[PDB]
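Chemist: As a preliminary step, the opening chains of the complex are given here in situ:
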Amino acid sequence: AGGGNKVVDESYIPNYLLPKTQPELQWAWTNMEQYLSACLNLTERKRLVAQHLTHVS
């Protein structure tokens, strides 16, 4: 319990939350204009994942 919290940046979303497939997802709520389209749409999630992969590269 004394450990530190899991602090991350925006790169953590496309690295674990978006890569998750439908069976590992049900619903989501956000407010960012870039991530709002990737709520219940898998195509937008994959597009954002690819964009993040190309950016970090």
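Modeler: Okay, I see it. Numbering: from 1, shown residues only, chains lettered A, B, ... in the order given.
Chemist: can we go C-alpha only for contacts and neighbour counts from here?
Modeler: Noted.
Chemist: mind listing the helices in chain A by residue range?
Modeler: In chain A, the helices defined using DSSP state H lie at A:33-36, A:42-56.
Chemist: Now that we have those, can you turn them into TSV and tack on distance to residue A:13 and mean neighbour count?
Modeler: Formatted as TSV, these follow (distance: least, C-alpha to C-alpha, whole Å; neighbours: other C-alpha atoms under 10 Å):
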stretch	distance to residue A:13	mean neighbour count
helix A:33-36	9	12
helix A:42-56	9	14
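Chemist: between these, which gets nearest to residue A:16?
Modeler: Among those, the nearest to residue A:16 by C-alpha to C-alpha is helix A:42-56 (9.7 Å).
Chemist: just how off-centre is stretch A:1-8 within its chain?
Modeler: On the basis of C-alpha atoms, centre = their mean, to the nearest Å, stretch A:1-8 sits 20 Å off its chain's mean C-alpha point.
Chemist: likewise stretch A:30-45?
Modeler: The answer for stretch A:30-45 is 9 Å, by C-alpha atoms, centre = their mean.
Chemist: Need the distance between the two termini of that stretch.
Modeler: 13 Å (C-alpha to C-alpha, to the nearest Å).
Chemist: So which residues make contact with stretch A:30-48?
Modeler: Residues outside stretch A:30-48 that contact it (C-alpha atoms under 8 Å, 6 or more residues apart in numbering): A:14, A:18-19, A:21-22, A:26-29.
Chemist: Write the PyMOL selection for whichever of these are buried.
Modeler: Buried residues within those, by 16 or more other C-alpha atoms under 10 Å, are selected in PyMOL with:
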select buried, chain A and resi 14+18
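Chemist: just the contacts of stretch A:30-48 now: which is nearest residue A:51?
Modeler: residue A:14 (9.2 Å).
Chemist: Make a markdown table out of the helices of chain A and add distance to residue A:3.
Modeler: Shown next, in a markdown table, are the helices of chain A (distance: least, C-alpha to C-alpha, whole Å):
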| stretch | distance to residue A:3 |
| --- | --- |
| helix A:33-36 | 30 |
| helix A:42-56 | 28 |
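Chemist: one more, chain B:
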Amino acid sequence: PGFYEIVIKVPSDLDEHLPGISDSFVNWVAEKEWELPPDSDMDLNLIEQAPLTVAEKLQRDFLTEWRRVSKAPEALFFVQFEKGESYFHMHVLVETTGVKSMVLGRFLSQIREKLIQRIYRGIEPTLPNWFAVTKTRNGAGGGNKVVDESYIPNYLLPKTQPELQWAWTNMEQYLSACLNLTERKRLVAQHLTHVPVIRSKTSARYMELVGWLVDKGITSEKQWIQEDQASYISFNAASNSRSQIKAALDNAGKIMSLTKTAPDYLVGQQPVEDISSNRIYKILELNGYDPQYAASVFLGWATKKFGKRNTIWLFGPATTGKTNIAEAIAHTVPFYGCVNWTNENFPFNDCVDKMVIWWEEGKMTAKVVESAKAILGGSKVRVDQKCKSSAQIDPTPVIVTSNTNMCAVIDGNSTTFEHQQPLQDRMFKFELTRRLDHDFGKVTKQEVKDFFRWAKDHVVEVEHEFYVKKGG
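Modeler: Okay, chain B now, added to the rest:
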């Protein structure tokens, strides 16, 4: 002025370290915001907020309690709030003015209790040793670590923004370096550019023992027992004390190897009150030689005053007031060596690392006549050794005590006289033909010391010549 490095762990998790803390305390700790001074290049995003206030309150209460219990409000301190790898802490520093090392433990516990009853309000932090003081050794063995002023720029200031958060100090030399990386780096660089012995209770006594040994003239274990057996035994109880004996012996030898002059150890301290009783006086008066002039010549020869003619040669058969004095001198001086006249290849084998060169019943050899003339004429020269490397032999007063004519320099299976005048123009002839009686007794070391001392109390004009004046 020393300082005490106190470690005070700042509770990071108020829920785990302070279970059951009131909500008012957390609210007041979180509502207090901080802001760096205008001239502060430190980044505020990296610095925390509630931990900063907690550390500030803790160090303020600590300083207040210290000033109240020590009665020294003008005492210097130096607090530095950092962020450990797994928990927050502070490198608090307080002077030792008005607080000895045997009372710091009670004051620390009192301050901890006061902080727990005031700040935390009874709740004691559950961190492993949240309140302690730096010790010279881990555990309950080492004592309080009394650091120095050089400890601040050697561990605290080197730390930069990542590990640094805040700091409080009243010292005028560390004011701008409280919340400024540039000033801290400048001070660290200045301290590194500025920067010898060590004072300890175990080395202070050794520094005096090594000096007393050379004063008494000890160069081995037997000489130490000769003075006091109990004293020698006391300095060799444990292995650490036994190795110390060998270390001190080696150091004393290497130092005696570099004194200044041999007479420094041969010349006595107190004057002489009865020289007639000395055996040297009778030996010199029996052979027909003025004891005063002989003593002056000996003093001038031992002090390297003549230079080229700094040599004495006692002629006449063996043991005629020649061997006794030489044996006494050899027994008095620390080290000595007999010139092996038989070994013409390396006759100075026994005279290696010796202060006096004694030639007892030995003829001159042609194999080391040229090299010997240098040392006899006041000149340095590196001669070989018997199955050993060469070694420089500084101008040392040589003493010859033979019966045959030393001018007859032997060159193997023959004899020559080419080195007659060269060797005679740098030596003193002492025609000591009178033989001592059987009940004359051997000369002691105290006798030689008294003789060398009396040689100084009555100085006479010593003439540089070959034949020494006799006693008229």
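Chemist: following the longest strand seen in chain B, which helix or strand comes up?
Modeler: In chain B, taking DSSP state E as the definition, the longest strand is strand B:88-95. Where DSSP states H and E defines the elements, the next helix or strand beyond strand B:88-95 is helix B:104-118.
Chemist: In its sheet, which strands sit next to the next helix or strand after that following helix, and in what direction?
Modeler: Going down the chain from helix B:104-118, the next helix or strand is strand B:131-133, by DSSP H and E. Counting by DSSP bridges, the strands paired with strand B:131-133 are strand B:3-8 (antiparallel).
Chemist: Distance from the partner strand to the middle of the chain?
Modeler: Counting by C-alpha atoms, centre = their mean, strand B:3-8 comes out at 34 Å from the chain centroid.
Chemist: Check stretch B:265-274 too.
Modeler: 29 Å.
Chemist: and that stretch, how far apart are its ends?
Modeler: Stretch B:265-274 stretches 21 Å from its first residue to its last (C-alpha to C-alpha).
Chemist: Show me what counts as buried in it.
Modeler: Applying a neighbour-count criterion of 16 or more other C-alpha atoms under 10 Å in any protein chain shown, one finds B:265-268, B:272 buried in stretch B:265-274.
Chemist: and these, which of them are in strands?
Modeler: Among the buried residues of stretch B:265-274, no member falls in strands (DSSP E).
Chemist: so who does the residue nearest the centre of chain A touch?
Modeler: Among the residues of chain A, the one closest to the centroid is residue A:13, at 3.0 Å (C-alpha atoms, centre = their mean). Contacts for residue A:13 (C-alpha atoms under 8 Å, 6 or more residues apart in numbering or on different chains) come out as none.
Chemist: Next one: it from residue A:27, what distance?
Modeler: Per C-alpha to C-alpha, residue A:13 is found 15 Å from residue A:27.
Chemist: same check, this time on residue B:243
Modeler: Distance from residue B:243 to residue A:27, by C-alpha to C-alpha: 80 Å.
Chemist: Also residue A:47?
Modeler: 18 Å.
Chemist: then DNA strand C, please:
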DNA sequence: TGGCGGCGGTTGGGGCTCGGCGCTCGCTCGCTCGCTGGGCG
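Modeler: Adding DNA strand C to what we have so far:
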């Protein structure tokens, strides 16, 4: 054209060594908690 005999190096192993850490004995000293004594007078 031919081989049978000893001497300086090793080189790990039993041993001394200096250190660390760990523990275990003397000293201590602001604090506490009573006991009692001119003085009220």
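Chemist: a strand runs through residue B:314, doesn't it?
Modeler: Yes. The assignment for residue B:314 (DSSP: H, G, I helix; E, B strand; the rest coil) places it in a strand.
Chemist: Can you give the distance of stretch B:365-381 from its chain's centre?
Modeler: The chain centre lies 36 Å from the centre of stretch B:365-381; the measure is C-alpha atoms, centre = their mean.
Chemist: Just give me the longest helix of chain B.
Modeler: Counting residues, the longest helix in chain B under DSSP H turns out to be helix B:50-70.
Chemist: quick revisit: now for the longest strand of chain B, which elements pack on it?
Modeler: strand B:3-8, strand B:78-83 (3 or more C-alpha pairs under 8 Å, 6 or more residues apart in numbering or on different chains; DSSP states H and E).
Chemist: of all of the stretch 51-200 of chain B, which residue lies closest to DNA strand C?
Modeler: Closest approach between the stretch 51-200 of chain B and DNA strand C, counting by C-alpha to the nearest atom of the strand: residue B:141, at 3.2 Å.
Chemist: Where does the residue nearest to residue B:157 when sequence neighbours are not counted sit: helix, strand or coil?
Modeler: In space, and not counting its chain neighbours, residue B:157 is closest to residue B:184: 5.5 Å by C-alpha to C-alpha, 6 or more residues apart in numbering or on different chains. Classification of residue B:184 using three-state DSSP returns helix.
Chemist: Any idea how many residues pack against residue B:184?
Modeler: 21 (other C-alpha atoms under 10 Å in any protein chain shown).
Chemist: residues touching it, list them.
Modeler: By C-alpha under 8 Å, 6+ apart, the residues touching residue B:184 are B:157-158, B:177-178.
Chemist: Identify the farthest-apart pair in those residues.
Modeler: The widest separation within those (C-alpha to C-alpha) is 12.5 Å, between B:158 and B:178.
Chemist: And these two? Which one has more around it.
Modeler: residue B:178 (20 against 16).
Chemist: wait, doesn't that one sit right on residue B:170?
Modeler: No. In this structure, residue B:178 is not within contact of residue B:170 by C-alpha atoms under 8 Å, at 9.9 Å.
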